[PDB]
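Participant: Handing you a structure now.
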Number of protein chains: 4
Amino acid sequence: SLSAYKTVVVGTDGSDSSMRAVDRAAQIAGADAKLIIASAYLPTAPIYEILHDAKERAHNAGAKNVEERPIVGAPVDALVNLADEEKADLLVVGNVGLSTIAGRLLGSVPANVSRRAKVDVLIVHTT
Amino acid sequence: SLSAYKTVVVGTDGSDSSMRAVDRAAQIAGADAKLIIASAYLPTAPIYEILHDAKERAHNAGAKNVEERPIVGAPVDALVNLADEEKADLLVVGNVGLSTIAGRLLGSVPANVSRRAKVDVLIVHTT
Amino acid sequence: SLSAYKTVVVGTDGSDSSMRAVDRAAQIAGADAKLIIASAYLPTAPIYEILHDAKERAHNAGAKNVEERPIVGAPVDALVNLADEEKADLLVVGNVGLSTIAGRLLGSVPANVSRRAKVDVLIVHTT
Amino acid sequence: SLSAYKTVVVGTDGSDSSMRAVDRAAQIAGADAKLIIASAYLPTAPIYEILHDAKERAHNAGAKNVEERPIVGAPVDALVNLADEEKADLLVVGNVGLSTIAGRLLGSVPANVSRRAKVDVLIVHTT
């Protein structure tokens with residue numbers, strides 16, 4: 001008798017593939033959940049334009065409670081910290097990878113399956 | 001303009017973790033989506049009792065169009081095969097892993113982040 | 001003109017796969033390199049017997065300079081710390097995994113290939 | 001007991017990263033082992049030139065028995081096939097990855113640890 005996701009965080013770097021993850025995250029967050037869009041600062045900084053556009057796409061997709069957020073430093077650690085400070089219950093990202101031997105050999109199976117079967121993959125954490 | 005998922009496939013082994021994944025999967029499939037519950041066969045077989053209970057769990061969660069299906073041979077290839085044959089647009093599994101050096105060192109980052117942040121992780125496929 | 005590995009760290013939980021990784025790590029360390037054998041502490045603690053035996057097997061494999069080390073807390077973070085503290089140049093682990101749908105879906109590709117092609121995999125870091 | 005590797009394979013795309021992995025693979029191949037350099041085809045031919053540059057770097061690294069070999073189709077499967085056809089006992093790749101939120105979140109832990117500790121990672125298969 002679980003409840004719907006209340007705090008969704010989605011990462012975007014502005015790529016077209018990335019925007020699809022934003023849309024899906026928007027559809028899930030809807031009008032009752034909080035949607036946080038994040039982007040890693042690799043280098044007004046250009047990231048803010050990416051966040052703004054992403055925030056607009058989210059609104060057009062149905063997300064009413066949207067906010068942007070730059071990620072600083074080692075992205076994954078920052079993301080985990082964000083999830084904890086915002087008590088996120090769902091994290092979303094768009095699949096991506098390299099078509100080279102190394103790029104593929106060093107990947108993760110979930111990302112691989114997602115690409116192989118052109119499907120989305122959901123990992124449910126355990127208490 | 002994104003609509004909800006139509007064909008949701010979830011994996012389970014009968015453990016507690018798997019049941020949470022089933023709940024979440026059911027909650028998403030709801031009533032207007034097809035929910036296929038899969039389980040890997042690895043020695044009527046006891047797997048059918050697990051699939052039956054999971055099926056009832058999916059029902060007690062809101063899933064209507066529920067159906068069970070045993071996974072045979074290499075589970076990933078089978079799963080990829082099942083999704084392609086059923087036009088699935090969402091695969092779901094409960095997180096799981098080993099806590100030994102090798103167990104943790106050989107895993108995937110999404111699995112790891114899911115555990116560290118006690119949050120679910122969604123990988124959205126691209127074109 | 002890259003030279004041979006000088007400081008090798010291998011992890012073991014005392015299983016048979018792990019012991020094979022110990023033999024391989026020992027074969028690489030030989031008589032001119034330092035071999036550090038690590039094991040994650042989960043719970044004289046039983047971990048010391050496992051370490052002692054691993055040390056014995058390393059010697060019988062030609063490794064002259066071998067020391068044991070218990071790993072505490074989150075395993076990967078402890079391993080990264082050890083590698084930094086001992087200036088390691090090669091980490092070794094025996095492949096391992098779960099055979100359930102989730103176990104396989106959440107794994108890494110390098111571990112998958114290792115099992116698929118029954119071969120050892122080596123990831124070379126970059127600057 | 002165990003003996004050094006006899007058939008070593010190493011993928012490369014010509015990148016600086018790949019070249020470092022070539023050097024390491026060659027250092028291991030030495031003179032009494034065969035080094036098979038591989039490169040994905042279609043991720044006087046661009047791929048053949050890369051393979052040429054690799055054979056030369058390998059030779060200088062101390063590799064005696066070297067041989068170029070283009071990979072066709074999905075790199076991983078081809079690599080797995082190549083491994084079995086050549087009965088390779090070791091695969092080598094240069095660590096590579098994306099720095100975006102998705103890029104790091106979707107990677108594998110072995111690749112990640114290799115980057116964090118700037119160390120090489122070896123996964124020993126079981127039997």
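Lettering and numbering for the structure tokens are positional, with chains as A, B, ... in the shown order, residues counted from 1 in each chain, and ligands counted from 1 in the shown order.
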Could you please tell me, as a PyMOL selection string, which residues of chain C have an atom within 10 Å of chain A when using only C-alpha atoms?
Facilitator: chain C and resi 102+104-113+121+123
Participant: Please return, as number ranges by chain, all residues of range 22-124 of chain A that DSSP assigns to strand (DSSP E or B) on the basis of the backbone.
Facilitator: A: 34-40, 65-71, 90-94, 107-108, 120-124
Participant: Which residues in chain B does DSSP call alpha helix (DSSP H)? List them as number ranges by chain.
Facilitator: B: 16-29, 47-59, 75-85, 101-105, 109-116
Participant: Kindly give the distance, in Å, that separates CA of residue 1 in chain C and CA of residue 95 in chain D, rounded to a single decimal.
Facilitator: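 According to the coordinates, CA of residue 1 in chain C and CA of residue 95 in chain D are separated by 19.1 Å.
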Participant: Quick one: residues within 10 Å of residue 74 in chain D, only C-alpha atoms counted, chain neighbours fewer than 5 positions away excluded, as a ChimeraX atom specification?
Facilitator: /A:99-101,104 /D:40-43,79
Participant: Would you please work out which residue, of D:66, D:119, D:33, D:72, is nearest to residue 94 in chain D when using only C-alpha atoms?
Facilitator: D:119
Participant: Please provide as a ChimeraX atom specification all residues within 9 Å of residue 80 in chain A, with the sequence filter that same-chain residues fewer than 5 positions apart are discarded (counting only C-alpha atoms).
Facilitator: /A:75,85 /B:113,116-117
Participant: Could you write out the selected residues, including N, CA, C and O atoms, as a PDB file, in the first residue's frame?
Facilitator:
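New file selection.pdb:
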```
ATOM      1  N   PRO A  75      30.040  14.588  -8.814  1.00  0.00           N
ATOM      2  CA  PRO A  75      28.592  14.493  -9.009  1.00  0.00           C
ATOM      3  C   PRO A  75      27.827  13.469  -8.201  1.00  0.00           C
ATOM      4  O   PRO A  75      26.830  13.816  -7.576  1.00  0.00           O
ATOM      5  N   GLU A  85      19.535  15.689   1.917  1.00  0.00           N
ATOM      6  CA  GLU A  85      19.072  16.987   2.401  1.00  0.00           C
ATOM      7  C   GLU A  85      17.631  17.253   1.969  1.00  0.00           C
ATOM      8  O   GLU A  85      16.878  17.916   2.679  1.00  0.00           O
TER       9      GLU A  85
ATOM     10  N   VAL B 113      24.189   3.621  -5.396  1.00  0.00           N
ATOM     11  CA  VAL B 113      23.583   4.880  -5.001  1.00  0.00           C
ATOM     12  C   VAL B 113      22.212   4.604  -4.408  1.00  0.00           C
ATOM     13  O   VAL B 113      21.818   5.217  -3.420  1.00  0.00           O
ATOM     14  N   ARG B 116      22.990   3.495  -0.846  1.00  0.00           N
ATOM     15  CA  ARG B 116      23.557   4.572  -0.015  1.00  0.00           C
ATOM     16  C   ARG B 116      22.536   5.636   0.389  1.00  0.00           C
ATOM     17  O   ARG B 116      22.509   6.083   1.535  1.00  0.00           O
ATOM     18  N   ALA B 117      21.715   6.040  -0.571  1.00  0.00           N
ATOM     19  CA  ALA B 117      20.713   7.067  -0.359  1.00  0.00           C
ATOM     20  C   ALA B 117      19.335   6.514  -0.004  1.00  0.00           C
ATOM     21  O   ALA B 117      18.406   7.284   0.216  1.00  0.00           O
TER      22      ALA B 117
END
```
Participant: Skip residue 84 in chain D itself and residues of its chain fewer than 3 positions away, then list as a PyMOL selection string all residues within 12 Å of it, counting only C-alpha atoms.
Facilitator: (chain C and resi 113-119) or (chain D and resi 7-9+77-81+87-91)
Participant: Rank nothing, just name the residue among A:31, A:50, A:63, A:122 nearest to residue 92 in chain A, using only C-alpha atoms.
Facilitator: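 Of the candidates, the smallest distance to residue 92 in chain A is held by A:122.
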Participant: C:36, C:120, C:103, C:97: which is nearest residue 58 in chain C, counting only C-alpha atoms?
Facilitator: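 That would be C:36, the residue with the smallest distance to residue 58 in chain C.
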Participant: By how many Å are CA of residue 18 in chain D and CA of residue 93 in chain D apart?
Facilitator: 6.9 Å
Participant: I want to know what sits within 9 Å of residue 54 in chain B, based on only C-alpha atoms, with residues of the same chain fewer than 6 positions away left out; could you give that as a CSV table (one decimal) with N, CA and C atoms, in the first residue's frame?
Facilitator:
```csv
chain,number,residue,atom,x,y,z
B,12,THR,N,11.3,-10.9,-9.3
B,12,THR,CA,11.2,-11.2,-7.9
B,12,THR,C,11.7,-12.6,-7.6
B,14,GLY,N,11.0,-13.8,-4.4
B,14,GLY,CA,10.2,-14.1,-3.2
B,14,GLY,C,10.7,-13.5,-1.9
B,18,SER,N,12.4,-8.2,-3.0
B,18,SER,CA,11.6,-8.5,-4.2
B,18,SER,C,10.1,-8.0,-4.0
B,19,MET,N,9.5,-8.3,-2.8
B,19,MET,CA,8.2,-7.9,-2.6
B,19,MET,C,8.0,-6.4,-2.6
B,22,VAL,N,7.8,-5.4,-6.1
B,22,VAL,CA,6.5,-5.8,-6.6
B,22,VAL,C,5.4,-4.8,-6.3
B,23,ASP,N,5.5,-4.3,-5.0
B,23,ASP,CA,4.5,-3.3,-4.6
B,23,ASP,C,4.7,-2.0,-5.5
B,37,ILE,N,4.9,-10.3,-14.0
B,37,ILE,CA,5.8,-10.6,-12.9
B,37,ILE,C,6.7,-11.8,-13.3
B,68,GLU,N,1.9,-13.8,-14.6
B,68,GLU,CA,3.2,-14.3,-14.1
B,68,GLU,C,4.0,-14.9,-15.3
```
